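In: need a structure here:
(chains A, B, C, D, E and F)
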Amino acid sequence: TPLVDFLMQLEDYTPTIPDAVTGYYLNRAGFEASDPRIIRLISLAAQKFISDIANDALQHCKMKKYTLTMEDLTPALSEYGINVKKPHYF
Amino acid sequence: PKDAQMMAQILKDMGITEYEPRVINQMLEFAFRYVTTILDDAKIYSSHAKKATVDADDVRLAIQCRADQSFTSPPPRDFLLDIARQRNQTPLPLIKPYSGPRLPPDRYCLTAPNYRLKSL
Amino acid sequence: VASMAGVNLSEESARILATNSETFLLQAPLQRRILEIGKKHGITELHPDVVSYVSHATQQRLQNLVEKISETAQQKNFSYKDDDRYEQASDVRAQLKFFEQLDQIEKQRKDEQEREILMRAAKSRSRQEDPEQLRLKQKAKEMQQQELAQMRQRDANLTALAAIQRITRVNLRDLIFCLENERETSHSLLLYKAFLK
Amino acid sequence: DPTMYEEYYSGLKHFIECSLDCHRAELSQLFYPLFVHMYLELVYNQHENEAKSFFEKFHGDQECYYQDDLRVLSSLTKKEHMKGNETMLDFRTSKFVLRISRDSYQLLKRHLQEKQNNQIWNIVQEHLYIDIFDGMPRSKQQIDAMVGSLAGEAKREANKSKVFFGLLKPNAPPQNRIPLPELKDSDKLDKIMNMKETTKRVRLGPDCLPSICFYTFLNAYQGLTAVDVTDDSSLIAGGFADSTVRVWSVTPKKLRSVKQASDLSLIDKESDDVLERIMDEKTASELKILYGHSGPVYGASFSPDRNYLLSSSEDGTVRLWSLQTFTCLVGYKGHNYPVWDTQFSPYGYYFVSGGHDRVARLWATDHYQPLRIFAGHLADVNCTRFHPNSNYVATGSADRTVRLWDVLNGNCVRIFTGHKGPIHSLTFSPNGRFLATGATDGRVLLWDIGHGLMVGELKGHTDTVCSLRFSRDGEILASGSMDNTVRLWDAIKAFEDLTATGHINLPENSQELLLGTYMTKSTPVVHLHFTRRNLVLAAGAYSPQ
Amino acid sequence: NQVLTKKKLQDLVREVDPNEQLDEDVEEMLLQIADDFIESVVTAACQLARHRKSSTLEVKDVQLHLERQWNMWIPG
Amino acid sequence: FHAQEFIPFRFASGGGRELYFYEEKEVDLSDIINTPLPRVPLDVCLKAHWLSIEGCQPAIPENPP
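Out: Residues are numbered from 1 along each chain as shown, chains lettered A, B, ... in the order given. What follows is the structure:
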């Protein structure tokens, strides 16, 4: 039960996103805060998604580090199957 | 702006007097998202027909093949009136007098022992 | 396949390991089926590798849906109470059963009050007239039938002596649950009608 | 044909405005349906330029009450734009009813049976019904009172069915007509303390004006979208835009959940206290928040036994919350679309929910599937209200019609047209004889139910009338709208008179029927409730705006 | 006229789970979903073929509708 | 963004993009961290008052005039 062990360790762990903010967007969708550790695992999963996109974008920036531009998010999300849109109207 | 001043006239032609300032910014974000998925599919359909210029029949094809999937509608009146008369013919059931809390079968309700992990 | 890190690639590869942790359409009626819809567009004949390509396309449509409804039909077959890493938090079904028991007790108290009224009306000798007589007559017929049944059960006793693999089942809920989540068939007349089947 | 539609319509426009003034006001009714049926037939046959020219030439001679429909039509220029609208698709296939008198129909048929205008006569007898009554031609301010809907001003043959509009215990239905639930000893104990409240009930009338106690939601930065109060003023529910239902106790008695199943197994039943024994005092708040909707809760409805809160939301589900365990019990998934309203029956077993999918379903809290589908509206079923005998369901809607539906057979027995905007409030008289409806035009129209005739028009409010209720006696109708006012109307002087012309001459008496107007501080009156001692309760989020 | 014979659908379930039984309602709805898929795919593929000015309905037309509207990517 | 597969976010609103016409279009990544977060406002409460006392509107601060 590796993940059951991890969730049991998640008590005493503070995630990068607060549980007052992760729990707010969970309450908005009907998910109510029965257990803090479950909120913390959801927060960590969201963090991993954003972090993986960011790291792929950094490999693209290093290939072309420093500033993150929309032309770095565009090929980074293209392997994810997500076509990001430029603003172009402001 | 140019395209943002036309967006305030589409809302005012629909009688929307009061709106948030972020309303114009994200209808332009949807209008940009919608035209860069018609024209993206239009050159896919142009390369299928093997022509170097994306002409008006490609955009006619890419509009009606995106409107066949994206923008749906509620069910029509001849469909709603057929499932009504199929349902309204069945007579109302009688009620058991002291059954208790009147609920559906337990696989259709949200009443389960509803477990949680032991903190250790 | 166009996306190397595609997100539905990791879905159906981890879904299969979740189900491991617990069509080939007929070529002769399909070829008539494609050609009749082709009359409405002017597509009078079809390529010989298409009627087996649509059959391979219909298979990967339903196998992507059979695998999807199997991982939610096994979601209900996970019994937490055999494991003791989990703890029960709120049994509302038991509270509803207790409310039903309270309603049954109220019904029994009403029946006892009716029985007391029947015992009172037994002594009917023109005292309370119609009401006492009506209650006594209805009670007497029921009492006589009950007495006969007890007596016939005693008669039966003497005559009697003389004489002597968990199969996971997919409901329509598991199919409906896998229709309102995907983008196709979320606002469709086939899911809308399925709410009434 | 299509290039001369501006010659057919302008010829009939020239005939009607050149008529005498008695028949001119009644013959102006077929300007709007002939404008739309000619415009929608142009855009369905792919004649866009001609359609655009027709719209520009004739849109401004249409009655002012039709601007919203006219704007939706101005957007519709293509065929495929209209093939997915489903409201103009049902307008093109239905027939406009167009109630006209026989004195004006003789002038119309003497201008259409001739070959000079056999094309506009062909459009009339294809797309328009004409329902003829023998009587006086109506005035312009009487025709203005009863038109306004799409496929509107329905036939008198629809409003002639026998409606059992009387209360239960020659217009009352039998008790075994609709299989209503039993009356338990705890439900019989409720009516014993209900008639103690009726002892202190004041007669309101036009002299003893009631006191209004406004229960404002102060912070409410999640938008409040639904309020309900129990029949005794003890609970107040709030449906909010952050997908929550919040129950407040207003009496000095905190909200308690019942004990868990381990605690109930050790106590005994058959005790007199029983309910008192079961309450948990460890859980006792003045506020209980209910989570589980994935969208803004739009409907909120208590059950008459003060358990069983109901809530409907944008996610397409109706939810039955217990008020003894304060959890969710059932999720009723029949709509795929936003359920705009729900209400329990006044006997508490059935409930009706109306949604964006243009039907209203009848549920029973025992089946996962509905029992009756009320599927005759052409737009969203905004409101759903039960009759006081619960044999009839009134469903107001966004196509400017109110329809009564019999619970047996699912048949529409009444069609009430005459609103200019989407109906956002319905209420029944406690007699069961009358029905008050409010909409976005600020008009409160009082309808008879036995005669199927509107009996009055209350036109004091400015913005959308979002809450109506009659008194407990029936003496006063209270109206609350978005102009932050609670207007009180004399609901006895409005029903002092009780046909075959299918209409009555409405009195223009709103000024005499207004007992008072009370303005809220920047607060739209979302709910109106009448205490059993005839005290007005009102709830609305305070929005500084 | 029926293109899916209701027994090969049961072999599509046996390959996923050797111990699983659908309900008759579920099987009939699955057959309706299959029929609807065949119809929509063929109509749009035929729209692409008329667009390519053809009377042949070659797979390129069926393969393009899967990739753009359904994201199937069946090997051709 | 638009996700062709649609499985990571299925009809889930991300609240739009806080973008402007007069924006700077480039910020420093530690400017967003060091700014103080806005105060979460008060939760919804239920207060009662009186619109009308037997026909007359009182001049309490919960009433307009």
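In: Spit out the contact partners of residue D:404.
Out: Residue D:404 makes contacts with D:163, D:387, D:392, D:393, D:394, D:412, D:413, D:414, D:416, D:435, D:449, as judged by C-beta atoms under 8 Å, 6 or more residues apart in numbering or on different chains. For every residue, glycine as well, the C-beta is placed using N, CA and C.
In: Any quick ChimeraX command for the buried ones out of those?
Out: Here is the ChimeraX command that selects the buried residues among the contacts of residue D:404 (16 or more other C-beta atoms under 10 Å in any protein chain shown):
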select /D:163,387,392,393,394,412,413,414,416,435,449
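In: Would you mind putting the contacts of residue D:404 into a markdown table with secondary structure and distance to residue D:149 alongside?
Out: What follows is these, written out as a markdown table (DSSP: H, G, I helix; E, B strand; the rest coil; distance: C-beta to C-beta, whole Å):
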| residue | secondary structure | distance to residue D:149 |
| --- | --- | --- |
| D:163 | coil | 21 |
| D:387 | coil | 22 |
| D:392 | strand | 20 |
| D:393 | strand | 19 |
| D:394 | strand | 16 |
| D:412 | strand | 14 |
| D:413 | strand | 18 |
| D:414 | strand | 14 |
| D:416 | strand | 10 |
| D:435 | strand | 16 |
| D:449 | coil | 19 |
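In: Of the contacts of residue D:404, which is the nearest to chain A?
Out: residue D:393 (28.6 Å; C-beta to the nearest C-beta).
In: From residue D:402, how far off is the closest one?
Out: 11 Å (C-beta to C-beta, to the nearest Å).
In: With residue D:118 instead?
Out: Computed as C-beta to C-beta, the residue D:118 to residue D:402 distance reads 38 Å.
In: Kindly report the same for residue D:233.
Out: 28 Å.
In: Residue C:25 now?
Out: According to C-beta to C-beta, residue C:25 stands 51 Å off from residue D:402.
In: So between these two, which is more surrounded?
Out: Each of residue C:25 and residue D:402 has its neighbours counted (other C-beta atoms under 10 Å in any protein chain shown); residue D:402 has more, 26 against 23.
In: Quick check: chain neighbours aside, which residue is closest to the more buried one?
Out: Computed as C-beta to C-beta, 6 or more residues apart in numbering or on different chains, the closest residue to residue D:402 that is not its neighbour in sequence is residue D:416, at 3.9 Å.
In: so the one you found makes contact with residue D:454?
Out: Yes: Residue D:416 is in contact with residue D:454 according to C-beta atoms under 8 Å; the separation is 7.0 Å.
In: Between those two, which contacts overlap?
Out: D:445, D:447.
In: ok, and the closest non-adjacent residue to the residue of chain D found nearest chain E?
Out: Relative to chain E, the nearest point of chain D is residue D:369 (12.7 Å; C-beta to the nearest C-beta). Spatial nearest neighbour of residue D:369, excluding adjacent residues (C-beta to C-beta, 6+ apart): residue C:196 at 5.8 Å.
In: where does that neighbour fall, helix, sheet strand or coil?
Out: Assigned by DSSP: H, G, I helix; E, B strand; the rest coil, the conformation of residue C:196 is coil.
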